[PDB]
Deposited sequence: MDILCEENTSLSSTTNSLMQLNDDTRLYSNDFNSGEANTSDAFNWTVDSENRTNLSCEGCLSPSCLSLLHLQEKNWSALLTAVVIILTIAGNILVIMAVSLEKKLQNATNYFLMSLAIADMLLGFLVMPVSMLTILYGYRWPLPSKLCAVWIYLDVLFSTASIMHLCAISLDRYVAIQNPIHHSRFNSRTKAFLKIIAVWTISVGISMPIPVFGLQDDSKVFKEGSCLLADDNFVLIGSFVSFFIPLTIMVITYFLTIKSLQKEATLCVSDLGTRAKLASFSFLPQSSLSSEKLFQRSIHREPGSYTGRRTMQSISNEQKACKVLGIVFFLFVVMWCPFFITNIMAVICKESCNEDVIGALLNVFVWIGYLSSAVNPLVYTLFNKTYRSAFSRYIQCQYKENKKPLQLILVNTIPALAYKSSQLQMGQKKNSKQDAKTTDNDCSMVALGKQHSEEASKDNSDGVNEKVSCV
């Protein structure tokens, strides 16, 4: 159905971002290397998890794949989602320390900061998702002919650290960054871009996490039919992070117009 366009555009945008990074020497700084790591974490979403959800949807929520890949597929989904969330959380914090005091950010501006930041966010993304192979693996991962999470203590308590803390950091960091920038037109264009990025992240991922948190804290068919669309809306963020984090730059616009 409409998810095929999501898969195709998720492939196309991330591939074009990777191709524009690879054969351009003007975009080789550390800030853009973190975005290359984001496109690495985002290419693998649309080819390893979303076709699996595709033929899960086309089979009427009865999974034709074998039962041995349920915990692995759930672990891949949680790993790529927490990676593509933590990437934006570290991007916002780096953007804050590069907006507040540019001198002390440019003092330590190197590839060492990018290596440490990528290592930290990937350690967080693996360490959040690592209990799913070792505690969920079939009652914690399989239910009624579909591969869905059912260990409610992990679904609630994992969503606290994997989303409601990095969302609290985006809230406090967007407040301080827009207060510092509000304290001229270049600055206001960055204010509009920051507002679009923040008000799209809290719109595209948040409904799934308040839906699953409310379903754990509490109408089962209504919550299931909401989850079956809000996961795909969560997948639509992977159709956007290649686009809206590069297309406001002139070099990336020229590179995309070249292809």
Parts of the chain sequence, as deposited, that carry no C-alpha coordinates in this structure: 1-78, 216-217, 264-314, 350-353, 395-471
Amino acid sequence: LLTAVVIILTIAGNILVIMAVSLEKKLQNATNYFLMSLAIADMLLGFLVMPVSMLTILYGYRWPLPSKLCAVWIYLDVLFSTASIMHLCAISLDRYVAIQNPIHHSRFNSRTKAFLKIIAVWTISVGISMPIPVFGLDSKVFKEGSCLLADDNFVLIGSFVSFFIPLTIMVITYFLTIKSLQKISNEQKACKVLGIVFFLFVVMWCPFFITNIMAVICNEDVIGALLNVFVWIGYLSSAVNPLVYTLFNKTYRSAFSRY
From here on, numbers count along this sequence of modelled residues.
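Note that the rigid core is defined as the largest set of C-alphas that superpose within 1.5 Å between two forms.
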Which of 109-117 and 80-88 lies farther from this form in 6 other deposited structures of this protein, as RMS of C-alpha positions after a rigid core fit: 109-117
Other entries lacking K183, at least a third: yes
